[PDB]
Each structure stands twice: as structure tokens, then as C-alpha cells.
Amino acid sequence: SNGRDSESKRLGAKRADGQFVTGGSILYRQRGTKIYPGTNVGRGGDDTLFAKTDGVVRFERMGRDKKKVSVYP
Amino acid sequence: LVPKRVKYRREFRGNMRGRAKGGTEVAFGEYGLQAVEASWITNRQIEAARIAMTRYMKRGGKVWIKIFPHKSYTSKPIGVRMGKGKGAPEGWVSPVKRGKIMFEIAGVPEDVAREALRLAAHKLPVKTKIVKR
Amino acid sequence: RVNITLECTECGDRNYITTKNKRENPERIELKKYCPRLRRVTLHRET
Amino acid sequence: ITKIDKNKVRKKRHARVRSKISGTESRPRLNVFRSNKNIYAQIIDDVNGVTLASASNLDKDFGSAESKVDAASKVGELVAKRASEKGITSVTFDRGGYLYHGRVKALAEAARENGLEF
Amino acid sequence: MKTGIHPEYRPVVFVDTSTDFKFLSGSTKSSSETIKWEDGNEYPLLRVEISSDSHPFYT
Amino acid sequence: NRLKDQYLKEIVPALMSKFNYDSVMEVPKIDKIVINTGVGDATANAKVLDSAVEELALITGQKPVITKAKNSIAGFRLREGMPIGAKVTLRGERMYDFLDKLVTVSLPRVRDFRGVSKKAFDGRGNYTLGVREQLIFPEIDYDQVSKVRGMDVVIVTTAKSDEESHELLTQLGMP
RNA sequence: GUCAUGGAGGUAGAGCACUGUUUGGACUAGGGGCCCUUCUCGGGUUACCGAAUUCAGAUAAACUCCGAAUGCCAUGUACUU
RNA sequence: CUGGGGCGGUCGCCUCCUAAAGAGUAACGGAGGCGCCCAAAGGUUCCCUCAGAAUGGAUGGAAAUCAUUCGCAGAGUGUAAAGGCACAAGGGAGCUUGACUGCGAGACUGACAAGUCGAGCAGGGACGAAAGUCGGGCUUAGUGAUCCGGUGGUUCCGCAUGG
RNA sequence: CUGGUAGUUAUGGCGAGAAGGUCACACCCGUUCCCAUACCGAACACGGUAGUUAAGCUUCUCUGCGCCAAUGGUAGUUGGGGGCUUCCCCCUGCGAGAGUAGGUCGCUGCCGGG
Ligand SMILES: [K+]
Ligand SMILES: [Mg+2]
Ligand SMILES: [Mg+2]
Ligand SMILES: [Mg+2]
Ligand SMILES: [Mg+2]
Ligand SMILES: [Mg+2]
Ligand SMILES: [Mg+2]
Ligand SMILES: [Mg+2]
Ligand SMILES: [Mg+2]
Ligand SMILES: [Mg+2]
């Protein structure tokens, strides 16, 4: 009666803290906001975080419990 | 001893590495039976050990069972090949790790405590030490 | 619930497919949609 | 029964506004505070965390009003002016959590009437 | 207060018949009867069963 | 206006002098009176509610708000939404008017009364006057109505203790 | 490849903050035994049951207030290859 | 397919555990869902805060609707589960149809076929005072290629030429 | 000193106690006007300043709850070795969670009035 599972969706970080990215680079794939859109970062319809401009990726604490990812030129 | 209900009917066997994380110092009683090596203790063995203890004390003093058989185990019948999914739940066990105090007694003199506990130890599949608070 | 096509009242063409529950919306749906032919918003009605 | 703290619940609404609106050096925030008596405007940079232009209902300049709305129009007129002098054009209006209606509206309408582009 | 939603709030005088006391208190249901007390500020009138002053538990 | 005046003339000091309050601000006042009907039968027939609203309106001189159920209960045969009972909140002058008509004209139309039932304070400072029937209120006329429903009258005070509340309701005239 | 630096990630361990499983004690609303006018409504009774409440104590692949070693991604004007 | 084969069960998609703290990872391993729904349950503007308990109170009961107090969430989120969400992503109301047309730097995923995200540009709009947000829905299932047929459109072709 | 508005993982919160006020800020008074309530001028909005620090606010005090937090030890574990092996031991490096000594009743801006 078991024997089922969905295809794995390859979630998680796609670029490293300190790595240079081009505009549109997906930074994080996620369900909901495990990580929040920081500065120069957008949240897509499926919660995907992407760089809005070229620059360097920085994963940062938001405050105590939450986390954000930013892109600094 | 059986859980009134369980979230999952089937459960990994697990492992028994390391010293018991809790219940290593005798807490409610004067004397305790301490597991020296690890083992699964079945509910049938806990009962056999309890009745042996309690009978010798002659409904005197108190007996705390400090282990509970939370974990189900399954078996396949004889004449059944491998596969076709996990077997039916057969029994209930408490994985006892080394250092875990399994039984505690109070309200009897040392001599009677120490005898009731050796009588219990002979029903358990694990090497035991008697320890006092 | 059914697939629906909205026809442009001016353009004539129907380049908008939608869906509706036809029990709850038995009438023909009317939406204002951009008509690419006319390059402006026009009333579109279910066929 | 407990009286509601009007400013506490106001400050809650202000947070909801400041969620979308924040001053920048190129384009600062025109924030309004409204009391039972008098009104106050500050043009702020949240990036630097510094108030540029500012104006109250109790500055030595313009101390003659008929109604609190007229009073609040004088403030807009003055904060617009004081901002233009400092050399800042495009702001974003921060309702401060107040309904964009009576006074705060009249402060904006007025500021907007002078050289401030929102 | 919204308009054209609630009925009239119009003031009206209540008077107990027995003790013959009078007091103003706005209410619905006019009845259209003149009053003696403060007739200049004319209000309707309502004849009433024993009030607090009359009722024996109170007095 | 007959009762509020009185509350501002010769209750405030009298009541401040009884408890010895530091400021007149501490003096208990009545915030709101809230009448609630509780038409549960309405789950069967909606027209029964229409009457229960119209009659309640006349009592308060202020159209009520038809309260809608919160959770689904099979026992009462009730489901999310569906109107059950009407609320109406009296504040200011139009409230004191009611309180007056409740303590002056309305209550001595019942068969009997003990008084300010000590058992009927919430323990915070607010009083709930349990009204048996609706023919107690003179703006009702039972020869123009079908069913009695009943009523529930909640009096919310600024008072901190039932003791402080009790004195205020007493000196306002409530039995 | 190593060094240095930054980062994502919840395993081992641990813990009980949540969810499930669970022991003992104290408390305490009910229900069930036992007589009474009684409608066993409520008393006088209670370790026959029992839901919360706390105190102490356990437990978890599909629990987590926590959380490694490693491994992984990257940066370097570092040293080797 | 299959701890020989048959019989039984299963076959695509989504969520979790197995899965060894990136990603991925098997078994006729352990658990559940899907083959839709919604004209608002979409967009935007504004406003809001839930479960439960205690106490008091007509019908009214353990439990309906009032009122106060305590309550980080013990609720809710169309629907499984996980991850999220109280500046709400939860709940009201007003106006609406962006559940737009042309696209798309660049990324993810990936044998291929496919799948996913996307700033920004142009056209013309909705809401908003503005800032701005809007190319459906908290997110991740709700689907099926080609060939062949049907219907609508069409500044394309039309077997000497016009059709 | 106080009002406004920011930053900062609550060392910033909660709770308890005290003091303060015409300069603000509040509550507060009123509904004619703009604008409001699915009923309610409660709120929102508008116009006021008789009354009051009671509350919010501000300042001060405290460690009851929370929060922060070493050192040491221990669990675990990379690499290298051994055993009698449900598992356990040794070497090297890393090193928790709990508990604890301790810390905390914030700190750091800019603008207006005084
Ligand atoms: K043995
Ligand atoms: Mg898989
Ligand atoms: Mg979508
Ligand atoms: Mg473990
Ligand atoms: Mg775990
Ligand atoms: Mg075989
Ligand atoms: Mg076989
Ligand atoms: Mg993984
Ligand atoms: Mg064809
Ligand atoms: Mg031809």
C-alpha cells in the first residue's frame, strides 16, 4: 500500500556567500521563506530568491530567528 | 505494559550505542537494578521481573519500573519469502542502554531489597548491577 | 466547471480562454481585456 | 475594561506603512506626526538615519491659524519651502499611520502644491 | 450616527398614573399627547404602570 | 441627561469620598451598555429573527447588528455563518436614557425582584442584568408581538472591583 | 591539495520549548461504588474510575528550545601541485 | 516489475521519513495525498487579529449569541504533508479583471523531451493622494507528446492564367 | 529635560514598586462642518481646552519570570590504530547540548521645541 514518493525538487542554496552573481541568478530555491529577500534580491512566485543586479552574495541574520540574502555590487 | 496508542504502527529497530542519556542515578527509591550492557527488554520480561520483585517483598515497600516498552517490533511468519512489505507488529520493547536503572525499590530492608533485585535480574536478558542511592 | 472562450466584441477574434463554474455563473461572462489587434482594452464576452 | 492606547495602535499602522516606504538620499521620506493640539513634519533618510528639513505648528515662523487643517496647510507650505532651500525635490509621503484624510492630507496637498514632487 | 437607518429618538415624558411623577427620557413610540411640565419645550406623554417611587419593593 | 447630570452633580464626589481616590479620573463611570438577544431558533426559520431585531430596535431606539455564529455545532444544528442573535451597543446620552428607563420604568413591570443580585458581577467590575421576557419594556406592546425570545443586558463599568461597581450601580438607582 | 576567511545546511549528540509515547507523587473538577428524604439534584462516604493542574522523572525515523565533527559552496594579493 | 514463475499488488504526479546537517540516493521499505477547485478563494487600497479557558448572564443544555480578563498563536491558511506566514501569506470592507498582449538579461533543473524562476523593456490598463503593487491563488500535485481530425482567424501559397 | 523618528539577536522583553506634568504628550470635552460605525463620535474624523496625572508616556529602583553567558568537564566526531564485538577501547585534532560562575531592568544616532 506504500511505494510512492514525488521527484526531489533540488531546493537549497545555488550560489555561495561571497560569490559574484549576474542579475537573474537564482540564489536559493525554497518552500516559503526559510531565507528572506535582502537588498537587490527578489522573491519569485514559488519563493525562489534571485539577484536583481550583478554583485556579491551575502547571507545575513535579520534579527534573532530569521535570515536574509543580499547582493552588494 | 503496552502504549495506549502509537503515531506509527511500524518503527525502525534503532541502535543502542552509548550510555543511557537519562535515568542512570536512582531517583524515587533506595535500591535500583542498573543495566551494565545494552539490550532490548520486552514487556513480557518487565512483567516477569516485576512479579518476581513484588512477590518476594510480599506487597511491602514500593516498586518503580523506570523503563517503558515504547518501541514495537514486527515479524514475518514461517514459510514467507523476503519482500511484500514490513511484517505485522508482534511485541513491545524498551531499548535499554548501559547505565540505565530499570527498576527501583524502597520501603524494605537492604537484605530484602538486594534479594528481590537478584530474583528480578534472573528474568532479564541483560547483565545487571544492584546500586543504592 | 468548464473551459470558456471570450470573444472580442469589436475585434471579432477570440484569443482569451478562461474557465468558470457554469452552475454558479450560468450567464455569459464579460471581462474587459486588452485586444492586441486594436491595441486597447475592449469588452470580451463568453461565446 | 481597558482603554486602547491610540498611539500604540497608530505605531502598529505606521510599521505597516514603513514596510513599503523608506527614505533614500536621492528620495527621502516626508513623515508626519499628529497630536490632539498641533502637527509636525520631518523629511528623513532611513539609509543614513538623519532628518533633513523639518517643520512644526509651533516654530517662531508662521504662528497664525484659524483651524487645525489650515494650521497643517501652513506646515506643508513651510516644509516644502525649507526642503526646496536645502535642495531636495522628490519625496515619498509617510502617512505616519494616519488615514490620508483631514489634516495629514491638507499637509500633503499643501507640500505637493509647493516644489515637492509626489 | 447614521441617518435613515434607526427610528426616531425623539424625547418624551413618562408619567406614572398612581403616584403622578414626571421625568424626561427620550424613546420611541410617540402616542401624541401634550405635557404640562415644561410645556414651552413641548414633548409627547406616556401613561405608565407603577414606577420606582410607586413600586413597594423600592419604597 | 436626567441621569448623567445627576452622575456629574452628586455621585462623583460622594463616590470619590467613599473610596478616597487620588484623582477624579479614578472615579468609576459606565462605558457602554450592550443588549444581546441570542435567537438560536433562527437556524430553523429566518423570519423569527426579523421580528426579534425590529422589537429590540424599539427598546434601544437604535437598529441592532445581526450577530453570525462563529463555529459549526451539530448539537444545536448550527454551521459557519447563519445569523443567531442581535447585538446593540449604547454609549453616551442615548445610553443613560436607557439605564434610566431600565431602573425607573422597565424593571418594576416584572412579577417581583430581589435587587442587584451580588452573584451577577463578572469579578472585574461589569454587571449582566438577565431579562426574562421583553414585555417588561413599555415600547414593546405584547398585543403586537408573537414570541417572547427574552434579552441579555450587559453594563460595562470603568470600575476595578465589584465593590466599586456595586456602589456606582446602586447610587445610579439600580435596586 | 592544504592554509586562512565567509556562508548554506538540522545529522550525531543532546533536550523536552512544541507534537506523540510514558512513570511516580501531590492536587482537584467530574463520573462510579455506599445509605439517606431523593428526581442519587446536593451531602456524609471514598486510593472503584477520571480530565485538567502542577512537582519530580523518562522517551522518539516521520518531536526540536538547541546542535557538533565531517562533508559541501565560494573567496584569496597564501603555499604546493 | 517480481527475493523463481503464477496468483495477489503495483505502474503517472505531489508531500514527508528512510537520506548518513549541500544537492542526489534503492527496496513488493514506513506514511499520506492528486487526476481539482475559486468570478473570488484573483488584483489593489484601507482596516483588522486568532484557538481555548475562567467569571457573569433570558430562551439555552458540556457546547450557539453578548460582556470582561488572560492568551506568540495552543487558530487559520479551499485541499495531503512539509516548509512558511501575526509589517501577516490569517480576517473584514471599497473599487476592480494584471486569471493582460508582445517579450525577456540572466539563472535553476536536466541524457533528451520537457520542467522552473526571472529583473527589466514596450503597449494598454486596475487599484492607490502618492510611493507603488498587479503577467492568478502562502508555496510545492490537479496532467498526456506526435500523427490525424474539427472550429475560428489570416497584409502566406494557389501546379498555364484568374479563381 | 521632553516630543518626533531611526538603528541594534530581549543584556533592549515581561512583571513588581515609586516619582513626575500647562512646555510638550496624553487622557479629556463636544458632534456644527469634512469624515466615520455591517449598531455605537467606542474607534476613525473634525472642533475645542473646563478637568486630571488615574492610566498611556517619561524618569528611577529591583533579578521573581524570561533573555544573554564563560571556564572546566562530558557526549559526539574527522583522521590513525586495536578488540571478545546487540557493540566496545586507544592516539591525534575538532568539540557540543545540559548544568554552572557570571551579565542584564539597555546601548547608539538625527530633528524640533526647553
Ligand atoms: K540476567
Ligand atoms: Mg526519491
Ligand atoms: Mg503561481
Ligand atoms: Mg539521536
Ligand atoms: Mg531527531
Ligand atoms: Mg528466493
Ligand atoms: Mg517469488
Ligand atoms: Mg540532504
Ligand atoms: Mg488539416
Ligand atoms: Mg492556377
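Proteins come first, then strands; the chains are lettered A, B, ... in the order of their sequence lines, and each starts at number 1.
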**Q** If you measure from the P atom in H/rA105 to the same atom in H/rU139, how many Å do you get, rounded?
**A** 26 Å

**Q** I want to confirm an ordering. Mapping C/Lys32 and A/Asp47 to their closest nucleotides on RNA chain H, which one lands closer to the 5' end?
**A**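 With C/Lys32 and A/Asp47 compared, the 5'-side residue is C/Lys32.
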
**Q** Using a 3.5 Å limit on both distances, is H/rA64 in a Watson-Crick or G-U wobble pair with H/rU154?
**A** no

**Q** Pick one for H/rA89: is it syn, with its angle within 90° of 0, or anti?
**A** anti

**Q** Would A/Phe59 pass as stacked on G/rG7, i.e. its ring centre under 5.5 Å from the base's six-membered ring centre and planes under 30° apart?
**A**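 No, A/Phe59 does not stack on the base of G/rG7.
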
**Q** For H/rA51, which nucleotide is its Watson-Crick or G-U wobble mate, given both distances must be under 3.5 Å?
**A**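 Across any shown strand, H/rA51 pairs with none.
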
**Q** Under the criterion of centre distance below 5.5 Å and interplanar angle below 30°, is B/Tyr8 classified as stacked on the base of G/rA62?
**A**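 Yes, B/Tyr8 stacks on the base of G/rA62, since the ring centres sit under 5.5 Å apart and the planes are within 30°.
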
**Q** Ignoring hydrogens and geometry beyond distance, is the side chain of A/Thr33 in donor-acceptor contact with the base of H/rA89 at under 3.5 Å?
**A** yes

**Q** Which class fits the ring pair E/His6 and E/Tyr9: parallel under 30°, tilted 30 to 60°, perpendicular over 60°?
**A**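 Aromatic pair E/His6/E/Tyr9 classed perpendicular.
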
**Q** Between B/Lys7 and G/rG20, is there a contact of a side-chain N or O with OP1 or OP2 at under 4.0 Å?
**A** no

**Q** A quick test of your reading: do over 12 heavy atoms of other residues, nucleotides or ligands sit less than 6.0 Å from CG of F/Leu8?
**A** yes

**Q** Under 3.5 Å, is there a donor on one side chain and an acceptor on the other for D/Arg27 and D/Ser90?
**A**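 There is such a pair between these side chains.
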
**Q** Does the SG-to-SG distance between C/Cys35 and C/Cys11 fall under 2.5 Å?
**A**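 Taking the criterion (SG atoms under 2.5 Å apart), C/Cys11 and C/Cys35 satisfy it, so yes.
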
**Q** Tell me whether C/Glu30 at atom CD has more than 12 heavy atoms from other residues, nucleotides or ligands lying less than 6.0 Å away.
**A**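 Count over threshold, so yes.
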
**Q** Just wondering, do A/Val69 and A/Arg58 contact through their side chains at under 4.5 Å, heavy atoms?
**A**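 They are not in contact (no side-chain heavy atoms under 4.5 Å apart), so the answer is no.
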
**Q** Ignoring backbone atoms, test whether A/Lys67 places a side-chain nitrogen or oxygen under 4.0 Å from the OP1 or OP2 oxygen of I/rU9.
**A** no

**Q** Do the side-chain N or O atoms of C/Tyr16 get closer than 4.0 angstrom to the phosphate oxygens (OP1, OP2) of H/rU97?
**A**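 So the side-chain polar atoms of C/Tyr16 never come under 4.0 Å of the phosphate oxygens OP1 or OP2 of H/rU97.
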
**Q** Decide, yes or no, whether a salt bridge links F/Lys147 with F/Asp41 under the criterion of side-chain N to carboxylate O below 4.0 Å.
**A** no

**Q** Quick one: which of I/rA54, H/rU45, I/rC68 gets closest to the side chain of A/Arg64?
**A** I/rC68

**Q** Applying the 3.5 Å rule to both hydrogen-bond distances, is there a Watson-Crick or wobble pair between H/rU97 and H/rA31?
**A** no

**Q** Does D/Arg95 make a side-chain N or O approach to OP1 or OP2 of H/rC47 shorter than 4.0 Å?
**A** yes

**Q** Please determine if a side-chain N or O atom of D/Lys60 lies less than 4.0 Å away from the OP1 or OP2 oxygen of I/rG112.
**A**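 Result: no.
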
**Q** Are H/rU101 and H/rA82 a base pair, Watson-Crick or G-U wobble, with both contacts under 3.5 Å?
**A** no

**Q** Quick check on B/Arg13: does its CZ atom have over 12 non-hydrogen neighbours (other residues, nucleotides or ligands) under 6.0 Å away?
**A** no

**Q** Are H/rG61 and H/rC108 a pair by Watson-Crick or G-U wobble criteria, both distances short of 3.5 Å?
**A** no

**Q** Taking the purine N1 to pyrimidine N3 distance and the second Watson-Crick contact, or the two G-U wobble contacts, each under 3.5 Å, tell whether H/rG158 pairs with H/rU77.
**A**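 Verdict: no pairing.
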
**Q** Can you tell me if D/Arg16 touches the phosphate of H/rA88, counting only side-chain N or O atoms and a distance under 4.0 Å to OP1 or OP2?
**A**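 True: D/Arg16 side-chain N/O within range (under 4.0 Å) of H/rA88 OP1/OP2.
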
**Q** Can you say whether a donor on the side chain of A/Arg29 sits under 3.5 Å from an acceptor on the base of H/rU116, or the other way round?
**A** yes

**Q** Can you tell me how the ring of D/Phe93 sits relative to the ring of D/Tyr100, calling it parallel under 30°, perpendicular over 60° and tilted otherwise?
**A** perpendicular

**Q** Is any side-chain nitrogen or oxygen of A/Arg61 closer than 4.0 Å to OP1 or OP2 of I/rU9?
**A**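 Answer yes for this pair, as a side-chain N or O of A/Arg61 is under 4.0 Å from OP1 or OP2.
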
**Q** Any side-chain N or O of D/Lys105 under 4.0 Å from OP1/OP2 of I/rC35?
**A** no

**Q** Could you let me know what I/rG106 is paired to, Watson-Crick or G-U wobble, both distances under 3.5 Å, or none if it's on its own?
**A** I/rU8

**Q** Please state the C1' separation for the pair H/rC47 and H/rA88 - nearest whole angstrom.
**A**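 Result for the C1' pair: 14 Å, nearest Å.
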
**Q** Is the closest basic N to carboxylate O distance between A/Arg29 and A/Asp46 below 4.0 Å?
**A**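 Salt bridge between A/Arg29 and A/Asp46, a charged N being under 4.0 Å from a carboxylate O: yes.
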
**Q** Determine which nucleotide pairs with G/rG24, using a 3.5 Å limit on both distances of a Watson-Crick or G-U wobble pair.
**A** G/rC55

**Q** Could you tell me which nucleotide pairs with H/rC37 by Watson-Crick or G-U wobble geometry, both distances under 3.5 Å, or answer none if nothing does?
**A**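 Here H/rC37 is engaged in a pair, and the nucleotide opposite it is H/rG137.
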
**Q** Can I/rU31 and I/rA45 be counted as a Watson-Crick or G-U wobble pair, both distances below 3.5 Å?
**A**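 Yes.
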
**Q** Check whether any side-chain N or O of A/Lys68 sits under 4.0 Å from OP1 or OP2 of I/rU9, and answer yes or no.
**A**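 Answer is no, no contact under 4.0 Å.
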
**Q** Give a yes/no on whether any side-chain N or O of F/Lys118 is located under 4.0 angstrom from OP1 or OP2 of H/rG56.
**A**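 No, no such contact exists.
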
**Q** With a cut-off of 5.5 Å for ring centres and 30° for planes, do H/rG98 and H/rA99 stack?
**A**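 H/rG98/H/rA99: stacking flag false.
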
**Q** Which base, if any, makes a Watson-Crick or G-U wobble pair with H/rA129, both distances under 3.5 Å?
**A** none

**Q** Tell me: NZ of F/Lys32 to P of I/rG41, nearest whole Å?
**A**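 F/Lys32 atom NZ is separated from I/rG41 atom P by 14 Å.
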
**Q** Please confirm if H/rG83 pairs with H/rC117, counting Watson-Crick and G-U wobble geometry and requiring both distances below 3.5 Å.
**A**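 When the criterion is applied, H/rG83 and H/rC117 do not count as a base pair.
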
**Q** Could you tell me which groove, major or minor, holds a base atom under 5.0 Å from a side-chain heavy atom of D/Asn36?
**A** major

**Q** Identify whether a stacking contact exists between D/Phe93 and H/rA130, where the ring centres must be under 5.5 Å apart and the planes under 30° apart.
**A**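 No.
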
**Q** Would you indicate, yes or no, if I/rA6 has its OP1 or OP2 atom less than 4.0 angstrom from a side-chain nitrogen or oxygen of D/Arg18?
**A** yes

**Q** Paired with I/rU61 by Watson-Crick or G-U wobble geometry, both distances under 3.5 Å: which nucleotide is it?
**A**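 In the structure as shown, I/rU61 has I/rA16 as its Watson-Crick or wobble partner.
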
**Q** Nearest of G/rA58, G/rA56, I/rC28 to any side-chain atom of B/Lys100?
**A**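 Between G/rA58, G/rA56, I/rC28, the one nearest the side chain of B/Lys100 would be G/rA58.
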
**Q** Do G/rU64 and G/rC65 stack, judged by ring centres under 5.5 Å and ring planes under 30°?
**A** no

**Q** Considering just the side-chain nitrogens and oxygens of B/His70, establish if one lies under 4.0 Å of OP1 or OP2 belonging to G/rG20.
**A** no

**Q** The side chain of A/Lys52 lies closest to which of these nucleotides: H/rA119, I/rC87, H/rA86?
**A** H/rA119

**Q** Roughly how far apart, to the nearest Å, are H/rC147 and H/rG158 at atom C1'?
**A**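 It works out to 25 Å between them.
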
**Q** Taking only side-chain nitrogens and oxygens of F/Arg132, does any of them come within less than 4.0 Å of OP1 or OP2 of H/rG57?
**A**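 No, F/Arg132 has no side-chain N/O under 4.0 Å of OP1/OP2 on H/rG57.
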
**Q** For D/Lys12, which contact category applies under a 4.0 Å heavy-atom criterion: base, sugar-phosphate, or nothing?
**A**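 D/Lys12: backbone/sugar contact only, no base atoms under 4.0 Å.
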
**Q** Does I/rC46 pair with I/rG30, Watson-Crick or G-U wobble, where both distances are under 3.5 Å?
**A**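 Paired: I/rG30 with I/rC46, WC or G-U, both distances under 3.5 Å.
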
**Q** Identify whether H/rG42 and H/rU10 are a Watson-Crick or G-U wobble pair (both distances under 3.5 Å).
**A** no

**Q** For F/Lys119 and B/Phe12, find the nucleotide of RNA chain H closest to each by heavy atoms; which residue's nucleotide sits nearer the 5' end?
**A**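 Nearer the 5' end of the strand: B/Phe12.
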
**Q** According to a 3.5 Å cut-off on both distances, are H/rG124 and H/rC16 Watson-Crick or G-U wobble paired?
**A** no

**Q** Which nucleotide wins on minimum distance to the side chain of D/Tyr100, given the candidates G/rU23, H/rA129, I/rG48?
**A** H/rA129

**Q** Closer than 4.0 Å, any side-chain N/O of A/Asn2 to the OP1 or OP2 of H/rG30?
**A**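 For H/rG30, OP1 or OP2 has a side-chain N or O of A/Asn2 closer than 4.0 Å.
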
**Q** Quick one: which of H/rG115, I/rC40, G/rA8 gets closest to the side chain of A/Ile35?
**A** G/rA8

